[PDB]
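In: First piece of the complex, coordinates kept as in the full assembly:
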Amino acid sequence: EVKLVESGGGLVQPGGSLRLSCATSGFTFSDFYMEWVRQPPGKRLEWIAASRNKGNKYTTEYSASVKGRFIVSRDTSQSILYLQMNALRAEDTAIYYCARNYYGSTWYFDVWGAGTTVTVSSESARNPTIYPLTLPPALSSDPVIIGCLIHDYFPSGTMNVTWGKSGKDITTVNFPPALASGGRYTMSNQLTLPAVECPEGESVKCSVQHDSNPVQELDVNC
């Protein structure tokens, strides 16, 4: 029941600021070293800030890469770990993770967050536009193939796609985003399932969850 859930992240203009937060539950927050880790697009984990247990003054430490612009705090009453991000630049774009630096015999990170994406960009948000991916009953071989073309959106950040169908035969394929022409992304998500699990005038809804924004869903006909 040791859970860490971070939030607040997305599009931010260079010079902008953000306040990422880490909601820590199922343990005595007030006495575990908390840690902030980031992961740039095609790079290693990178350690940034560090908070300390109410054992030796909630002292901090910051990576050189961030010493000065980021500032780490903790709302002890509410068990939340904060990260104040000042004067962001594009190099700051990465998935942010909050971790618990446990110490028993040794030190190691026992529990990690899910992460939260932060895109520091000059560009501007554009929600995907969901188009159904269907075959006129002259191309469907059974199993049926269906999908969702998630198109022309910004930023890329994080896109979780789920369908209103699951079980034995039912496959989901989510292709990574592709930078098109406009410098905007496109992605596709196909669902394959038993032809009898996708008769007619039925449909399956696909759900798009992008960064920190509300859900977007389309109804796709078998």
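Out: Structure's in. What do you need? Numbers count the residues shown, from 1 in each chain, chains lettered A, B, ... in the order given.
In: contacts, neighbours, all on C-alpha from now
Out: Fine.
In: How is chain A divided into domains?
Out: A:1-123, A:124-222 (curated CATH domains).
In: how about the ones you listed in JSON lines, adding mean neighbour count?
Out: As requested, these are exported to JSON lines (neighbours: other CA atoms under 10 Å):
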{"stretch": "domain A:1-123", "mean neighbour count": "17"}
{"stretch": "domain A:124-222", "mean neighbour count": "16"}
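In: and the closest residue to residue A:113 other than its chain neighbours, what is it in contact with?
Out: For residue A:113, ignoring the flanking residues on the chain, the nearest one in space by CA to CA, 6 or more residues apart in numbering is residue A:4 at 5.0 Å. Residue A:4 sits next to A:22, A:23, A:24, A:25, A:98, A:99, A:111, A:112, A:113, A:114 when contact means CA atoms under 8 Å, 6 or more residues apart in numbering.
In: Now for those residues: which two are most distant?
Out: A:25 and A:114 (13.8 Å; CA to CA).
In: Run through who's touching stretch A:208-220.
Out: Stretch A:208-220 is contacted by residues A:7-10, A:116-117, A:130-134, A:146-148, A:157-162, A:203-207 when judged by CA under 8 Å, 6+ apart.
In: Show me these that map onto helices.
Out: Judged by DSSP state H, helices contain none of the contacts of stretch A:208-220.
In: which residue sits farthest out from the middle of chain A?
Out: Most distant from the centre of chain A: residue A:138, at 38.4 Å, with distances by CA atoms, centre = their mean.
In: And stretch A:207-219, end to end?
Out: 9 Å (CA to CA, to the nearest Å).
In: typo on my end, stretch A:43-55
Out: End-to-end distance of stretch A:43-55 (CA to CA): 34 Å.
In: hmm, who's touching it?
Out: So stretch A:43-55 is contacted by A:29-39, A:58-66, A:70-73 (CA under 8 Å, 6+ apart).
In: Take these and keep only those in strands.
Out: A:33, A:34, A:35, A:36, A:37, A:38, A:39, A:70, A:71, A:72, A:73 (DSSP state E).
In: Need those in CSV (columns: distance to residue A:85).
Out: Formatted as CSV, the ones in strands among the contacts of stretch A:43-55 follow (distance: CA to CA, whole Å):
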residue, distance to residue A:85
A:33, 20
A:34, 17
A:35, 15
A:36, 12
A:37, 13
A:38, 12
A:39, 15
A:70, 4
A:71, 7
A:72, 9
A:73, 11
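In: which among the residues you listed gets closest to residue A:18?
Out: For those, the nearest to residue A:18 is residue A:70 (9.5 Å; CA to CA).
In: which ones are touching the closest one?
Out: A:49, A:62, A:83, A:84, A:85, A:86.
In: surely the fourth one meets residue A:68?
Out: So the one you mean is residue A:84. No - using CA atoms under 8 Å, residue A:84 is not in contact with residue A:68; the gap is 10.6 Å.
In: circling back to that earlier point, closest to residue A:183 among the ones in strands among the contacts of stretch A:43-55?
Out: residue A:39 (22.3 Å).
In: Please report how far the closest one lies from residue A:98.
Out: 11 Å.
In: Residue A:176 now?
Out: From residue A:176 to residue A:98 the distance is 25 Å (CA to CA).
In: And for residue A:132?
Out: 37 Å.
In: And for residue A:64?
Out: Taking CA to CA, one finds residue A:64 at 18 Å from residue A:98.
In: mind adding chain B? sequence follows:
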Amino acid sequence: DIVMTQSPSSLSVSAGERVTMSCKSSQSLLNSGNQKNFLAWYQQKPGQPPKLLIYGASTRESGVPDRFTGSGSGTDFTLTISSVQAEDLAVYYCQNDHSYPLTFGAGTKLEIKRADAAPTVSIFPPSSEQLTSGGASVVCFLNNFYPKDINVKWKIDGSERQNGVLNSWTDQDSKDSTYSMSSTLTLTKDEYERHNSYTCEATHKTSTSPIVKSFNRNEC
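Out: Time to bring in chain B:
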């Protein structure tokens, strides 16, 4: 700073195999007082947060299969996977939990080798809903092939090909260690509406004959 050097940076095993990744530090990680090294091994599966793998240099975290084992002390550590399996597909990071700033290594991508598999191809015509916007996107999906190297040609109508095509490889499947790819050719409603026989043909080591899913229509 303390540097974490991990090698190889890539590993391609056939599975059922036994492997060993290494990880040396520029500085002793071992306590000179409690005598334990402060080095952890993390496993990072495709689009998932890291997960505790090994603590101390050899303590396997509760839940981790007995296939994962770790040795060393001082500055040169190892990690061996006794019998590589299809879900082992991930990145292995070793970290210095010795002193600040904490550091990680480049990691090691573990890739699974398998017997060549043939791609299933699909062609989806542009949506009505989308047409009525200027655009037209003909998407072709290629699923479950091996190896990944697979060229796809988009001969619009007569014969063509172009810079109006997007391509995306899926990650290696954690069940079949097979790939999937989508190729999206997106033109204009007008543009689209000129020709009418749209084709997709992949050229995979598998078969000799370029595999060609196709479709003709546009008038309608």
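In: quick recheck of the contacts of stretch A:43-55 now chain B is there?
Out: A:29-39, A:58-66, A:70-73, B:101-107 (CA atoms under 8 Å, 6 or more residues apart in numbering or on different chains).
In: coming back round to it: can you tell me the element the residue farthest from the centre of chain A falls in?
Out: For residue A:138, there is no host helix or strand (DSSP states H and E).
In: who in chain A is up against chain B?
Out: A:43-48, A:61-63, A:105-115, A:131-135, A:173-178, A:180, A:188 (CA under 8 Å from any CA of the partner chain).
In: returning to that earlier point: got the phi/psi numbers for the residue farthest from the centre of chain A?
Out: phi -160, psi 10 (degrees, to the nearest 10).
In: how far away is it from residue B:214?
Out: 12 Å.
In: Tell me how many other residues surround the closest residue in space to residue B:176 that isn't next to it in sequence.
Out: Of all residues not flanking residue B:176 in the chain, residue B:86 sits nearest, at 6.8 Å (CA to CA, 6 or more residues apart in numbering or on different chains). Residue B:86: 21 surrounding residues under other CA atoms under 10 Å in any protein chain shown.
In: need the residues of chain B near chain A, please.
Out: So chain B meets chain A at B:36-40, B:48-52, B:55-56, B:97-98, B:100-107, B:124-125, B:127, B:129-130, B:166-170, B:180-182 (CA under 8 Å from any CA).
In: Show me those that map onto strands.
Out: B:39-40, B:51-52, B:55, B:103-104, B:124, B:166-169, B:180-182.
In: By neighbours, which of the residues you listed wins?
Out: residue B:39 (30 neighbours).
In: Do I have it right that it meets residue B:58?
Out: No - taking contacts as CA under 8 Å, residue B:39 lies outside contact range of residue B:58: 9.1 Å.
In: Could you export the host helix or strand of residue B:154 as PDB, CA atoms only?
Out: Taking DSSP H and E as the definition, residue B:154 sits inside strand B:151-155. The C-alpha coordinates for strand B:151-155 follow below in PDB (Å, rounded to 0.1, in the frame of the first residue of the first chain):
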ATOM      1  CA  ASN B 151      10.600  -1.800 -46.100                       C
ATOM      2  CA  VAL B 152       7.100  -0.600 -47.100                       C
ATOM      3  CA  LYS B 153       6.400   1.100 -50.500                       C
ATOM      4  CA  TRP B 154       3.500   3.300 -51.100                       C
ATOM      5  CA  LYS B 155       2.600   3.400 -54.800                       C
END
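In: Only the buried residues of that strand, if you could.
Out: B:152, B:153, B:154, B:155 (16 or more other CA atoms under 10 Å in any protein chain shown).
In: Switch the residues you listed over to TSV; also include distance to residue B:189.
Out: Shown next, in TSV, are the buried residues of strand B:151-155 (distance: CA to CA, whole Å):
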residue	distance to residue B:189
B:152	23
B:153	21
B:154	17
B:155	17
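In: Looking at those residues, spot the one nearest residue A:169.
Out: residue B:152 (27.8 Å).
In: mind listing what that closest one touches?
Out: So residue B:152 contacts B:183, B:200, B:201, B:202, B:203 (CA under 8 Å, 6+ apart).
In: ok, the residue nearest to the spatial centre of chain B - contacts?
Out: Residue closest to the mean C-alpha point of chain B, counted by CA atoms, centre = their mean, is residue B:171 at 3.3 Å. By CA under 8 Å, 6+ apart, the residues touching residue B:171 are B:46, B:179, B:180.
In: Also residue B:146?
Out: B:114, B:115, B:116, B:117, B:118, B:119, B:178, B:179, B:206.
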